[PDB]
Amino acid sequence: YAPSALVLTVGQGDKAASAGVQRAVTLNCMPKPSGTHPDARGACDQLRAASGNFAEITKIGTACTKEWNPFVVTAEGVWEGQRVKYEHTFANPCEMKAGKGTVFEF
């Protein structure tokens, strides 16, 4: 196997570079799930099912207003030996609530 180790963050703002990070968790998946992530096994399972594609997890029955109150989630590190650097901006808390899945529920 190849390493799968990530840091994930959430913060206020519309880009990772400009966001005020609120919470950040570690996640290791190979060969066993661990980390400060609150559900390392569920997160590793969901990521495996998506082939490591964070965008598949965050994409938009969700009835949210068009208020702009943005939050950015990030993932960076290595997935099955490949370097990854991901960010996604949710327009507001309502969209984030629907789009976090297990991976970004922290």
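Throughout, we count residues from 1 along the sequence that is shown.
- Unmodelled residues of the deposited sequence between residue 60 and residue 61: 1 to 3.
- Mean CA temperature factor is higher for 51-59 when stretches 36-44 and 51-59 are set side by side in the entry.
- 65-73 and 24-32 differ in mean CA B-factor, and the higher of the two is recorded for 65-73.
- Residues shown: 9, 89, 82, 18. Highest C-alpha temperature factor in the entry: 18.
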